[PDB]
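Report on the structure given below.
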Amino acid sequence: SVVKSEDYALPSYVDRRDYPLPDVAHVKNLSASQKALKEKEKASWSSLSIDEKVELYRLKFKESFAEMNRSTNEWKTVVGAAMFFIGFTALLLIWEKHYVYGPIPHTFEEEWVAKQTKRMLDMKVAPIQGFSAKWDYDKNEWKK
Amino acid sequence: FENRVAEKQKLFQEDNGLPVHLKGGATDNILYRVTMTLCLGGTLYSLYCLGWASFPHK
Amino acid sequence: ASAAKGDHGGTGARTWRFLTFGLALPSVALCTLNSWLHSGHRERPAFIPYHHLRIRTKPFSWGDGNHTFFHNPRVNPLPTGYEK
Amino acid sequence: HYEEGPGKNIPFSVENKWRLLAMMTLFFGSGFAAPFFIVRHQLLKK
Amino acid sequence: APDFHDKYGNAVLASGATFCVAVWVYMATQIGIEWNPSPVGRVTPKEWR
Amino acid sequence: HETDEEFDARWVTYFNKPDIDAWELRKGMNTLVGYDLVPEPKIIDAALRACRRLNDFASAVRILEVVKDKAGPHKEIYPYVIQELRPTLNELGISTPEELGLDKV
Amino acid sequence: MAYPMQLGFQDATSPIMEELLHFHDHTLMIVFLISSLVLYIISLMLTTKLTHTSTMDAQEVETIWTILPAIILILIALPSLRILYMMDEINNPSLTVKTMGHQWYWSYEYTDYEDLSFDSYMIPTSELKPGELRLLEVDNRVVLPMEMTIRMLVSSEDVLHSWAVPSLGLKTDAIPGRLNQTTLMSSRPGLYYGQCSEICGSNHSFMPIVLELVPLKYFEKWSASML
Amino acid sequence: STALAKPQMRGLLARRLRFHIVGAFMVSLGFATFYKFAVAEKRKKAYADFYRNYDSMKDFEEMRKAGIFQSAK
Amino acid sequence: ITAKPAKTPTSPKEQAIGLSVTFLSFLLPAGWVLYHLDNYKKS
Amino acid sequence: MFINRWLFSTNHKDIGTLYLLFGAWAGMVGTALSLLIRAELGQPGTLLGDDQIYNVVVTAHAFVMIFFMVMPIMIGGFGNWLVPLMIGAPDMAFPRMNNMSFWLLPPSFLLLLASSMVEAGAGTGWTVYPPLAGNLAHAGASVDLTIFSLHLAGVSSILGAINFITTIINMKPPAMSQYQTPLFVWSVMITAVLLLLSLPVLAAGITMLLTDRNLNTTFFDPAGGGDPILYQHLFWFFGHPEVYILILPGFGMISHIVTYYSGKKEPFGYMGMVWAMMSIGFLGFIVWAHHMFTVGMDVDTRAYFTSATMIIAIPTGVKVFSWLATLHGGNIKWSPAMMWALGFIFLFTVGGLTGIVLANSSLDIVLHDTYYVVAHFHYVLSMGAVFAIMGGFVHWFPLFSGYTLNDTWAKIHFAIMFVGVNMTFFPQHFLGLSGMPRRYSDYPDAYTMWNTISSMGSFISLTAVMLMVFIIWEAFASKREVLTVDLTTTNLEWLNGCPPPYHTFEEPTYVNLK
Ligand SMILES: CCCCCCCCCCCCCCCCCC(=O)OCC(COC(=O)CCCCCCCCCCCCCCCCC)OC(=O)CCCCCCCCCCCCCCCCC
Ligand code: HEA
Ligand code: HEA
Ligand SMILES: CCCCC/C=C\C/C=C\C/C=C\C/C=C\CCCC(=O)O[C@H](COC(=O)CCCCCCCCCCCCCCCCC)COP(=O)(O)OCCN
Ligand SMILES: CCCCCC/C=C\CCCCCCCCCC(=O)O[C@H](COC(=O)CCCCCCCCCCCCCCC)COP(=O)(O)OC[C@@H](O)CO
Ligand SMILES: CCCCCCCCCCO[C@@H]1O[C@H](CO)[C@@H](O[C@H]2O[C@H](CO)[C@@H](O)[C@H](O)[C@H]2O)[C@H](O)[C@H]1O
Ligand SMILES: C[C@H](CCC(=O)O)[C@H]1CC[C@H]2[C@@H]3[C@H](O)C[C@@H]4C[C@H](O)CC[C@]4(C)[C@H]3C[C@H](O)[C@]12C
Ligand SMILES: C[C@H](CCC(=O)O)[C@H]1CC[C@H]2[C@@H]3[C@H](O)C[C@@H]4C[C@H](O)CC[C@]4(C)[C@H]3C[C@H](O)[C@]12C
Ligand code: CUA
Ligand SMILES: [O-][O-]
Ligand SMILES: [Cu+2]
Ligand SMILES: [Mg+2]
Ligand code: NA
């Protein structure tokens, strides 16, 4: 029933698939009816009804193996919330770009970059693989 | 000299609840207050000096 | 130094076996690798009949008198130079 | 002797969660803010 | 009995993924960020000398 | 290193001890399920009969549960085990977890 | 120089830089393999309901995971040290050039015959000619003969700097009171760029290196032109 | 139909591990082969091809004509 | 781990408050300094 | 009573709590500095100023993260809280000296603050190399305050090391040998031996820098016959051990976490784990010059240091495979601490492997002083040391506080942080291979895309840090008091409840010999 803080020095109940028979019964204090059932249990189990058998099981254990092993929907909450917060971060980045950053240098302007690109090809920057390798110097175009 | 350790043992085991750094009596409190006042005052002073040194001066 | 290791509590057989297999023999293994890896003959240098080397003031009491005890023909010249 | 148990073994109080939020906000906020204001100080200094 | 994740997990996942993609796409494409992609297959080289 | 046969026999003897107590039943099962095996029917048989001597029906059901659980994805093991145990289940009146509906969330 | 969205090394301009590229490919294969094996094994450990929680004996398996990494390390160290000793080889240069680091620019001295020296400063962004590269150009490039073994001597007249040219595989610290030597051999003409590679104060980011590799006859014309 | 036969009941975890560590080896092998052709040999071929008939004077003259050099107009 | 129910449960509304207050306490001071950077690099 | 308890402490748990508070606050400072770095680099051009203000930020970022966040949290915080409990001891050997190791850190931090406020700050790198750090290129008080900051941090840790070694050798139950103590205890003891031996050398080195700057010595000044490279040897003789100091307590916490959430009573291959930590600690003293492969050393020296550095992969690999073998066969509990530890195993492995790349002196010529190095050490520090810290904090927070966290929130926090650190640092490999130098406030235009992405990653990690503060608040706000935990038979620190009483083990454990 009710676990108390002053009880950490005592054996406790656990539902763990690799500790199938815990140190204590799930239900410690039995009612008059429950004690009766435990007396019946000393006779043949064939004389136990299904409902009574389940009640004996639920005296001893909290969750069954199928119950303790159940999957949950938690991953949906975790993945969606994480995406929410990652989305929130982009708001910060938008704010930074709007109020903090000034213009970037003029070397990123389209005409500068076109000229820069030609000069890099003229000096054959990375001509084996990296860059000029990808320019067709005969056809004067990017290698298709 | 004579061995007066037993009398110091009696003094420092007296059940008066005092922590060891004060158990010698009123002299301990004086020395403690001198020490702590110098430490805390000197620390305040060091902070003042930071503030002074943090801006262009002289 | 404290070296960089750590144990004691008790220096005992178990600790010294730990040191033997965990530090001492691995170090021997490493040095064995390093050595048998830098082997491979060096070029023997030009023979020069320096007077402070290949000393003979009395014949050696074995062989022909003129060969050192662990004479290696490949790398130990005689006073007149490398043999054969 | 000292007080023992959850929320008693700490140099700050958790008796009121909103007082606590203020404390924690001052505590972590002041550490996060200090580098921005030092940078401002150095940029303003000269 | 259904927990928070049974009740709301589907909505959290859908709304979170939607917000995230939309705001990042916007940040990436609509506010003047210079990504400086490769000029290969993009830039026409222009005379500089 | 014992043969499987000697391992199994040790565990059958363990659970067959007539005056085995509750602590020993639990110790035995909780130890056994740490190994990389699903216990042989002859072991489970001895364990269920110890449950009988200890007037503990619920642990009998729990033992059937952990046998199924130890098989992991190997779905053929539990029906074979239940097959081999059905004489004992009948003799002792042990309902399976499934019969008790304890296999459903 | 580097180009936008580059993932790997600048194209090799020297034989030693090509050796490093092949050695890096070899080592990165191993890094990717071990990384991916660890990732896979993590997923393998985490994806079964089967259990085994009693004590496991470790001796046999630890032979394998000490001997196999030992062999892999040897397979990295063998080509690694081959290249190390290759870089160190007697190369007999035909030219020596000195460079001196300063806050914040490089000077160069060609004192084999003529006593030539000059300073090399970054071109400010506001003075770049159209199509020139931000933070990388200099006013006076290190003119050098291609396809020739060159001895570069590096030092500093103030704080530490470091003289680097990635596409030649070069990085030599510039330390006052010390004369460090490296060897430079460009397989190709062209312009090769590098940047100061030891923190040196206010303008550490802004003191680049530019080599200008040209045929010997053109190098000689250039030196002759400095009389 | 009749009696179920005894499935393997011992060492299921070890059997799973062995099968997949061997499988991981096979993939590693395979990947080593892919990488040596898609990356390492590709790079070796690219440099060897570039230089096999490379004309460093012709390359220089092209750069010179394009005006890239300070020292050689 | 097992635990008693919350002595002073924190509702989703309460969490939204604590979260917002926490995030603001990091963002607003830094924001103020960074917003005013240009205003600093001239004084 | 408040002052007696919190300023005059002689209690290992309260002193551990002070260290955790201190290190958390330091972690905010260090995070702010990292965001200033990444704001400067987040687009081309100049945001703040030239390399001076920028590298004052970089320098402070490193000192704060290493000396005021990681070491106080791992060694002062988890070490003080956990080590006496894990050996059943009633406190540390020198409970009063322990309190001085703590109270030296706020003064140390104040000196670091003062260094950045006076003059133009110490824009030297955390390595503080002369002559840049000398009295002509860094005239004025900033570098001297930085040296004094390190002196006080050094004394704090040396005394703490003396305390931990003495406690761990002398205060175990009389039946417990060293080979019956938990791996986290081993990891602290070995870390403490490394601190004891390495910090005095650093102290010697920075004292010589102090006297070069103020008493006209010339240890590092060629004009007097000194040598800047001597400083580098002295610094790195400490600085390589220091990175093993930063990771070893992390290894010890990872061992406990992986064991616990695999449902195991013990880590796989205990004696191999002890061997591996001792081996790493020993090898960590004979490799320092791999920080110096471009300074001009002779080729045989570079070959020795290449080889000796790579062999550390062997014991480290034993630990990685033993963690995997601890997971093997487990009943895995997918707790947030387990997520931190799994992320640790993989990402620490990636960073260790790029360290092995860097160990090759030939390739290090091209990689040295580039962002490849930055990528290497942030995988082992931002995704190794920090993940071990986060895993241990979420695992043991209920022990220290008596309250549970919200596990779903902690899992969200892990997910955000995982994305953020990988987005920040993985592209820095490309920046390094392609030649972007360290300690630059601005970069050639070709480097823009990956710098942009890396700075976006740093903001995601900032969102995680903020969320962590809220999560800790939520736990203290809701007050879910712990009842029981699993596996106390193999996790003694839990067996006095949550939180444990001020005094524990007043009656020591009973352990017999047989
Ligand atoms: C959690 C996500 C957060 C978001 C942030 C990202 C996280 C990282 C995940 C990203 C996961 C990526 C897995 C492999 C990435 C290699 C990319 C590459 O093409 O590499 C190129 C090389 C250099 O290569 C070259 O010299 C030429 C390259 C181009 C070849 C010709 C093709 C031309 C077109 C190029 C197309 C691109 C090819 C890519 C091909 C891609 C194949 C995979 O660079 C390098 O060495 C950089 C790497 C240095 C050391 C890290 C190795 C350890 C990683 C193993 C597990 C991943 C851990 C990630 C850590 C996290 C993983 C879980
Ligand atoms: C926690 C901190 C930490 C840790 C643990 C490490 C661990 C290692 N580090 Fe690193 N390092 C730093 C932090 C760290 N480092 C820092 C901060 C710097 C920069 C200093 C500065 O300049 O500011 C740096 C710099 C640095 C350099 C200098 C580079 C330069 O400046 O040019 C080198 C070179 O050898 C290096 C190597 C290594 C190696 C080989 C390891 C090894 O210990 C890694 C061993 C681990 C593995 C290899 C992974 C696990 C193993 C297996 C799965 C087995 C199979 C593997 C193989 C067979 C290879 N580190
Ligand atoms: C432990 C060490 C550590 C850590 C964690 C970090 C974290 C980060 N670092 Fe840092 N960094 C260094 C140590 C570290 N760094 C060092 C030594 C240098 C070299 C200095 C030099 O060149 O001189 C360096 C350099 C460096 C550079 C290169 C600067 C240059 O060369 O110009 C960059 C650039 O992006 C960078 C960025 C970041 C970022 C974005 C993070 C982020 O990932 C940070 C994100 C936040 C966290 C990881 C949380 C931290 C807080 C806690 C863990 C407390 C949690 C609280 C409780 C448990 C209660 N770092
Ligand atoms: C581990 C491998 C080696 C193990 C040791 C091997 C031999 C040890 C023998 C005794 C050593 C004692 C000293 C003897 C002096 C010389 C032996 C030196 C060791 C040796 O063996 O030297 C060899 C010469 O031996 C020679 O001359 C002649 C060698 C034989 C003659 C010995 C003469 C008697 C010496 C007198 C001893 C007096 C002792 C008095 C002690 C009094 C103490 C109170 C060297 O060979 P090499 O061909 O010249 O060079 C190698 C070329 N490839
Ligand atoms: C640039 C200028 C930098 C200046 C930095 C100065 C910083 C420090 C201010 C130091 C003030 C020191 C005040 C006295 C400290 C005495 C400590 C001591 O003596 O500690 C003792 C333990 O250390 C032991 O023994 C072992 C032996 C005693 C160690 C005492 C060391 C003092 C620290 C000096 C610095 C050392 C650095 C060394 C390496 C370079 C006792 O431990 P307690 O826990 O107290 O009691 C335990 C009780 O059972 C005793 O009855
Ligand atoms: C690297 C870590 C930092 C991450 C980024 C922080 C995320 C943004 C947080 C918001 O910060 C606020 O932004 C306002 C702008 O939105 C500023 O108001 C400023 O701008 C307003 C309008 O332009 C005026 O009304 C105000 O008076 C003026 O102070 C205000 O000072 C600042 O606190
Ligand atoms: C002997 C010692 C302790 C054994 C014990 O008393 O429990 C053990 C612990 C770790 C062992 C080492 C580690 O398992 C790592 C290596 C593994 C190789 O298979 C043998 C050498 C190897 C270096 C081992 C030698 C030796 O067996 C060590 C050092
Ligand atoms: C780096 C250090 C010198 C520091 C100094 O300049 O002050 C020197 C002193 C002794 C040297 C070592 C010793 O000379 C012994 C070895 C000699 C080998 O040729 C290189 C490795 C070798 C292990 C050396 C490495 C390195 O050069 C050492 C360690
Ligand atoms: Cu000159 Cu950096
Ligand atoms: O230092 O690695
Ligand atoms: Cu190192
Ligand atoms: Mg350097
Ligand atoms: Na910038």
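Naming works like this for the structure tokens: A, B, ... for the chains as they're shown, residue 1 at the start of each chain, ligands 1 onward in shown order.
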At a cut-off of 12 Å, which residues of chain H touch chain J? Count only C-alpha atoms and give the answer as a short mmCIF file (atom, residue, chain, number, x, y, z; two decimals) with N, CA, C and O atoms, in the first residue's frame.
data_model
loop_
_atom_site.label_atom_id
_atom_site.label_comp_id
_atom_site.auth_asym_id
_atom_site.auth_seq_id
_atom_site.Cartn_x
_atom_site.Cartn_y
_atom_site.Cartn_z
N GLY H 11 22.10 -20.44 -24.20
CA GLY H 11 23.02 -19.61 -24.95
C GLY H 11 22.40 -18.78 -26.05
O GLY H 11 23.09 -18.44 -27.02
N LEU H 12 21.12 -18.40 -25.92
CA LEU H 12 20.48 -17.61 -26.97
C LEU H 12 21.14 -16.24 -27.14
O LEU H 12 21.29 -15.75 -28.27
N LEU H 13 21.56 -15.62 -26.05
CA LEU H 13 22.21 -14.30 -26.18
C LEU H 13 23.56 -14.43 -26.85
O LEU H 13 23.91 -13.63 -27.74
N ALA H 14 24.35 -15.41 -26.41
CA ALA H 14 25.67 -15.63 -27.01
C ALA H 14 25.55 -15.95 -28.49
O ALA H 14 26.39 -15.53 -29.29
N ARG H 15 24.54 -16.74 -28.88
CA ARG H 15 24.34 -17.09 -30.29
C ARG H 15 24.03 -15.85 -31.13
O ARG H 15 24.58 -15.66 -32.23
N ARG H 16 23.16 -15.00 -30.61
CA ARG H 16 22.85 -13.73 -31.26
C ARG H 16 24.09 -12.86 -31.43
O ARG H 16 24.29 -12.23 -32.49
N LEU H 17 24.89 -12.75 -30.38
CA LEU H 17 26.09 -11.93 -30.44
C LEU H 17 27.05 -12.45 -31.51
O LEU H 17 27.58 -11.67 -32.31
#
| said: Please identify all protein, DNA and RNA residues within 9 Å of ligand 12, counting only C-alpha atoms and all ligand atoms, and report them as a PyMOL selection string. | reply: (chain G and resi 160-162+172-173+197-199) or (chain J and resi 291-295+368-370+438)
| Contacts of ligand 10, 7 Å or closer, only C-alpha atoms and all ligand atoms, given as a PyMOL selection string | chain J and resi 239-240+243+355
Keeping only N, CA and C atoms, take the residues you just selected and write them out as an mmCIF file, in the first residue's frame.
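To be explicit, this is the file written out as selection_0.cif:
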data_model
loop_
_atom_site.group_PDB
_atom_site.id
_atom_site.type_symbol
_atom_site.label_atom_id
_atom_site.label_comp_id
_atom_site.auth_asym_id
_atom_site.auth_seq_id
_atom_site.Cartn_x
_atom_site.Cartn_y
_atom_site.Cartn_z
ATOM 1 N N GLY J 239 49.859 19.837 -18.900
ATOM 2 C CA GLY J 239 48.624 19.970 -19.693
ATOM 3 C C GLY J 239 48.127 18.667 -20.301
ATOM 4 N N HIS J 240 49.046 17.732 -20.690
ATOM 5 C CA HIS J 240 48.480 16.451 -21.115
ATOM 6 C C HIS J 240 47.894 15.698 -19.925
ATOM 7 N N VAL J 243 44.314 16.706 -19.226
ATOM 8 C CA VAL J 243 43.113 16.270 -19.950
ATOM 9 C C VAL J 243 42.684 14.876 -19.475
ATOM 10 N N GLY J 355 41.826 12.283 -31.935
ATOM 11 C CA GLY J 355 43.098 12.422 -31.215
ATOM 12 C C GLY J 355 44.199 11.534 -31.787
#
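Those protein and nucleic acid residues that have any atom within 12 Å of ligand 4 are, using only C-alpha atoms and all ligand atoms, residues 53, 54, 55, 56, 58, 59, 60, 61, 62, 63, 65, 66, 67, 68, 69, 70, 71, 72, 73, 74, 75, 76, 77 and 78 of chain C.
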Write to file, as a CSV table (one decimal), in the first residue's frame, the residues of the selection just made, with N, CA, C and O atoms.
chain,number,residue,atom,x,y,z
C,53,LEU,N,93.1,0.9,-32.2
C,53,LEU,CA,92.0,-0.1,-32.3
C,53,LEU,C,92.7,-1.4,-32.8
C,53,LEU,O,93.9,-1.4,-33.2
C,54,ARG,N,92.0,-2.6,-32.7
C,54,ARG,CA,92.6,-3.8,-33.1
C,54,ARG,C,94.0,-4.0,-32.4
C,54,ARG,O,95.0,-4.4,-33.1
C,55,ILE,N,94.0,-3.8,-31.1
C,55,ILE,CA,95.3,-3.9,-30.4
C,55,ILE,C,95.8,-5.3,-30.3
C,55,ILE,O,95.0,-6.2,-30.1
C,56,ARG,N,97.1,-5.5,-30.6
C,56,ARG,CA,97.7,-6.8,-30.4
C,56,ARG,C,99.0,-6.6,-29.7
C,56,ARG,O,100.0,-6.3,-30.4
C,58,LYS,N,99.9,-9.1,-27.4
C,58,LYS,CA,100.2,-10.5,-27.1
C,58,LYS,C,99.1,-11.3,-27.9
C,58,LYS,O,97.9,-10.9,-27.9
C,59,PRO,N,99.5,-12.4,-28.5
C,59,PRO,CA,98.4,-13.2,-29.2
C,59,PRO,C,97.4,-13.7,-28.2
C,59,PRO,O,97.8,-14.1,-27.1
C,60,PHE,N,96.2,-13.7,-28.7
C,60,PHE,CA,95.1,-14.4,-27.9
C,60,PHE,C,95.4,-15.9,-27.7
C,60,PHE,O,96.0,-16.5,-28.6
C,61,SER,N,95.0,-16.4,-26.5
C,61,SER,CA,95.3,-17.8,-26.2
C,61,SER,C,94.4,-18.8,-26.9
C,61,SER,O,94.2,-19.9,-26.3
C,62,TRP,N,93.8,-18.5,-28.0
C,62,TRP,CA,92.9,-19.4,-28.8
C,62,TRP,C,93.1,-19.1,-30.3
C,62,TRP,O,93.7,-18.1,-30.7
C,63,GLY,N,92.5,-20.0,-31.1
C,63,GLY,CA,92.5,-19.8,-32.5
C,63,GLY,C,93.9,-19.6,-33.0
C,63,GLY,O,94.8,-20.2,-32.5
C,65,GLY,N,95.5,-16.8,-32.6
C,65,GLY,CA,96.2,-15.7,-31.9
C,65,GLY,C,95.7,-14.4,-32.3
C,65,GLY,O,95.9,-13.4,-31.6
C,66,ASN,N,94.9,-14.3,-33.4
C,66,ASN,CA,94.7,-13.0,-34.0
C,66,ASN,C,93.2,-12.6,-34.1
C,66,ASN,O,92.8,-11.6,-34.6
C,67,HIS,N,92.3,-13.5,-33.6
C,67,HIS,CA,90.9,-13.3,-33.6
C,67,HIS,C,90.3,-13.1,-32.2
C,67,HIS,O,90.6,-13.9,-31.3
C,68,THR,N,89.5,-12.1,-32.1
C,68,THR,CA,88.9,-11.9,-30.7
C,68,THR,C,87.9,-13.1,-30.4
C,68,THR,O,87.5,-13.9,-31.3
C,69,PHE,N,87.5,-13.1,-29.2
C,69,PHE,CA,86.8,-14.3,-28.7
C,69,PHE,C,85.4,-14.5,-29.4
C,69,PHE,O,85.0,-15.6,-29.6
C,70,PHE,N,84.7,-13.4,-29.7
C,70,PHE,CA,83.4,-13.5,-30.4
C,70,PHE,C,83.5,-12.8,-31.7
C,70,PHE,O,82.6,-12.0,-32.1
C,71,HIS,N,84.6,-13.0,-32.4
C,71,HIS,CA,84.9,-12.5,-33.7
C,71,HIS,C,83.8,-12.7,-34.6
C,71,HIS,O,83.3,-13.9,-34.8
C,72,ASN,N,83.3,-11.7,-35.3
C,72,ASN,CA,82.2,-11.7,-36.3
C,72,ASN,C,82.8,-11.3,-37.6
C,72,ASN,O,83.1,-10.1,-37.8
C,73,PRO,N,83.1,-12.2,-38.5
C,73,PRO,CA,83.8,-11.8,-39.8
C,73,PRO,C,83.1,-10.7,-40.5
C,73,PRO,O,83.8,-9.9,-41.2
C,74,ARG,N,81.8,-10.5,-40.4
C,74,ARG,CA,81.0,-9.5,-41.1
C,74,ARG,C,81.4,-8.1,-40.6
C,74,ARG,O,81.4,-7.2,-41.4
C,75,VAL,N,81.7,-7.9,-39.3
C,75,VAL,CA,81.8,-6.5,-38.8
C,75,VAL,C,83.1,-6.3,-38.0
C,75,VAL,O,83.3,-5.1,-37.6
C,76,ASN,N,83.9,-7.3,-37.8
C,76,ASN,CA,85.1,-7.2,-37.0
C,76,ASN,C,86.3,-7.4,-37.9
C,76,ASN,O,86.8,-8.5,-38.1
C,77,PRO,N,86.9,-6.3,-38.4
C,77,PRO,CA,88.2,-6.4,-39.2
C,77,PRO,C,89.3,-6.9,-38.3
C,77,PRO,O,89.3,-6.6,-37.1
C,78,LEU,N,90.2,-7.6,-38.9
C,78,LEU,CA,91.5,-7.9,-38.3
C,78,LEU,C,92.4,-6.7,-38.4
C,78,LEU,O,92.1,-5.7,-39.0
| field | Test item: residues no farther than 9 Å from ligand 11, counting only C-alpha atoms and all ligand atoms, as an MDAnalysis selection string | value | chainID J and resid 236:237 239:244 284 287:291 309 355 359
| query | Near residue 32 in chain I, within 12 Å and counting only C-alpha atoms, which residues show up once chain neighbours fewer than 6 positions away are dropped, as a ChimeraX atom specification? | reply | /A:95-96,99-100 /D:33,36-37,40 /I:24-26,38-40
Using only N, CA, C and O atoms, please write the residues we just selected to a file, as an mmCIF file, in the first residue's frame.
data_model
loop_
_atom_site.group_PDB
_atom_site.id
_atom_site.type_symbol
_atom_site.label_atom_id
_atom_site.label_comp_id
_atom_site.auth_asym_id
_atom_site.auth_seq_id
_atom_site.Cartn_x
_atom_site.Cartn_y
_atom_site.Cartn_z
ATOM 1 N N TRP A 95 16.503 36.670 -34.429
ATOM 2 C CA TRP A 95 16.720 37.886 -33.646
ATOM 3 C C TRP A 95 18.164 38.363 -33.751
ATOM 4 O O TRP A 95 18.442 39.563 -33.955
ATOM 5 N N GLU A 96 19.111 37.436 -33.597
ATOM 6 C CA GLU A 96 20.510 37.820 -33.739
ATOM 7 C C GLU A 96 20.791 38.424 -35.105
ATOM 8 O O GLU A 96 21.471 39.446 -35.227
ATOM 9 N N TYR A 99 19.062 42.109 -35.160
ATOM 10 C CA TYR A 99 19.507 43.185 -34.285
ATOM 11 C C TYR A 99 20.998 43.233 -34.001
ATOM 12 O O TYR A 99 21.473 44.253 -33.498
ATOM 13 N N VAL A 100 21.747 42.175 -34.256
ATOM 14 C CA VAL A 100 23.143 42.113 -33.845
ATOM 15 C C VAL A 100 24.075 42.217 -35.028
ATOM 16 O O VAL A 100 24.985 43.033 -35.042
ATOM 17 N N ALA D 33 25.233 36.279 -17.430
ATOM 18 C CA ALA D 33 25.309 37.660 -17.921
ATOM 19 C C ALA D 33 26.699 38.265 -17.807
ATOM 20 O O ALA D 33 27.049 39.153 -18.605
ATOM 21 N N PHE D 36 28.963 38.988 -20.972
ATOM 22 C CA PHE D 36 28.458 40.059 -21.820
ATOM 23 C C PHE D 36 28.792 41.423 -21.241
ATOM 24 O O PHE D 36 29.302 42.310 -21.957
ATOM 25 N N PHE D 37 28.657 41.589 -19.930
ATOM 26 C CA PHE D 37 28.963 42.911 -19.382
ATOM 27 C C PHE D 37 30.452 43.205 -19.266
ATOM 28 O O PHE D 37 30.847 44.379 -19.331
ATOM 29 N N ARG D 40 31.286 44.315 -22.721
ATOM 30 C CA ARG D 40 30.830 45.703 -22.847
ATOM 31 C C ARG D 40 31.799 46.647 -22.167
ATOM 32 O O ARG D 40 32.146 47.707 -22.703
ATOM 33 N N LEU I 24 13.978 33.955 -20.066
ATOM 34 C CA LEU I 24 14.162 35.402 -20.099
ATOM 35 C C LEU I 24 15.392 35.830 -19.297
ATOM 36 O O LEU I 24 16.087 36.791 -19.675
ATOM 37 N N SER I 25 15.664 35.149 -18.176
ATOM 38 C CA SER I 25 16.753 35.593 -17.316
ATOM 39 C C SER I 25 18.105 35.411 -17.991
ATOM 40 O O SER I 25 19.013 36.174 -17.698
ATOM 41 N N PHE I 26 18.233 34.439 -18.910
ATOM 42 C CA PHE I 26 19.421 34.303 -19.750
ATOM 43 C C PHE I 26 19.417 35.274 -20.929
ATOM 44 O O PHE I 26 20.461 35.813 -21.303
ATOM 45 N N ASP I 38 26.906 48.177 -31.346
ATOM 46 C CA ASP I 38 27.358 49.327 -32.125
ATOM 47 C C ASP I 38 27.425 50.567 -31.242
ATOM 48 O O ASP I 38 28.410 51.312 -31.281
ATOM 49 N N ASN I 39 26.419 50.753 -30.380
ATOM 50 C CA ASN I 39 26.413 51.831 -29.396
ATOM 51 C C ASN I 39 27.634 51.791 -28.462
ATOM 52 O O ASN I 39 27.978 52.825 -27.875
ATOM 53 N N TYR I 40 28.302 50.634 -28.308
ATOM 54 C CA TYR I 40 29.522 50.551 -27.499
ATOM 55 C C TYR I 40 30.783 50.807 -28.305
ATOM 56 O O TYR I 40 31.702 51.464 -27.814
#
| said: List as a ChimeraX atom specification the protein and nucleic acid residues near residue 144 in chain A, meaning an atom at most 9 Å away when only C-alpha atoms are counted, but skip any in the same chain fewer than 2 places from it. | reply: /A:134-136,141-142 /E:41
| said: Around ligand 3, out to 7 Å and counting only C-alpha atoms and all ligand atoms, which residues are there? I want them as a PyMOL selection string. | reply: chain J and resi 20-21+23-24+27-28+30-31+34-35+37-38+55+58-59+61-63+65-66+69-70+125-127+371+374+378+381-382+385-386+389-390+393+421+424+438-441+458+461-462+465
| query | Neighbours of ligand 1 within 9 Å, counting only C-alpha atoms and all ligand atoms, as a ChimeraX atom specification? | reply | /A:129-130 /G:6-11,21,24-25,28-29,31-36,39 /H:38-39,43 /J:346-347,349-351,353-354,357,372,375-376,415,418-430,433,453-454,457
